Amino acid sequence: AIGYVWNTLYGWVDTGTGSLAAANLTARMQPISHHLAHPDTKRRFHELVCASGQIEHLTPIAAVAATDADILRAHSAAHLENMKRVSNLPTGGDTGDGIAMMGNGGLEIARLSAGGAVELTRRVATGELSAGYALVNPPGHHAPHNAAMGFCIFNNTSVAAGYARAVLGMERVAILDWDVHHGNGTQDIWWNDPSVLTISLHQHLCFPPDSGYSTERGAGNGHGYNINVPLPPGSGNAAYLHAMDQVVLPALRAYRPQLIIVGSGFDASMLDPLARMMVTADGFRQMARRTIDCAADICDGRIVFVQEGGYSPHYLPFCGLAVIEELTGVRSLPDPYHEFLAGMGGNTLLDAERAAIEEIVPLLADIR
């Protein structure tokens, strides 16, 4: 039984009238209808899940708002209180860093996003469901313990892992983040903690600018339980699948988590504006198949996918649908971009890609 979370308000996140930062007349950044992170991209994924007929093979799960207690398992009280404050401003406002704003009442949506991840986690962990996909928005993985960053208000996968640890009593949880940007927030939250293995595959130095190096390995008892796999621009299906086979799956098998949470972004796709990677829907399909099969082998199938980034309203729906189909086992729609993208490359493992991945292999032995 496969759970699926969508909430209407995920599609109502107010991203403003700028492109990335706000529109700014002095800088001559003209207003635009769709910010890069506009919610339509993820809503189109949801609408494809429905229109394709996948929804008939899924068990819809209503999001339940994350409580203050839920949020405080991942974040500081000061951060939570600041998000309450900003959300109460009549226009919304600056969430801290001056780039990403939050719209008025936006905390309601941020709680439903974290809460959708928690609710799905609860149902999968207790055995009500075998697995699922939480198509949440706003995203999570850049928000560290004490701040919002990178379009993220709360770290949804960390709120879910915190819940699995504290409420469900799991001793080991893994978060695998294949969003193309470094999961700095998740890395920060669990830095000193070996009970949550944090893995991030990402384009090297894409975002944030100063993080995601292979030398960032945790601290204290957590040393060895953070794994970064920075990959070069232009990496495609061959690099990603080699990273899965050489690093990710062996790390999960070594760690023996009781639950795998996937921070599932699709911004590594061939058509994404916010990175330079070459993954196709078939690549994401294979990544999901491998991870689901790994869960079947090591943690009784307990795997929860939670939406992170992705910025192609054209193509992201088909990348997401491929993952859904691997969960349901019903493979009923082709990728209509397949012919167009398959000739572009990414399907050969380049020497620089291989080398980037091999850098991480000696770190596997420190996962006890």
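One rule holds for the numbers: they count along the sequence shown, beginning at 1.
Annotation for 321-329 versus 308-316: the higher mean temperature factor (C-alpha) is found in 321-329. The deposited model assigns a higher average Cα B-factor to 354-362 than to the other stretch when 5-13 and 354-362 are compared. In this entry, the residue among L168, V180, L197, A114 with the greatest C-alpha B factor is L168. As recorded in the entry, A78 carries the highest CA temperature factor of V118, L274, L241, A78.
Looking at the C-alpha B-factors along this chain, the one for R44 belongs to the lowest third. In the deposited entry, the Cα temperature factor of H223 sits in the top third of values across the chain's modelled residues.
The PDB entry assigns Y255 a C-alpha temperature factor belonging to the highest third of its chain's modelled residues.
The PDB entry assigns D188 a C-alpha temperature factor belonging to the middle third of its chain's modelled residues. Per the PDB record, residue ranking by Cα B-factor puts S52 in the middle third of the chain.
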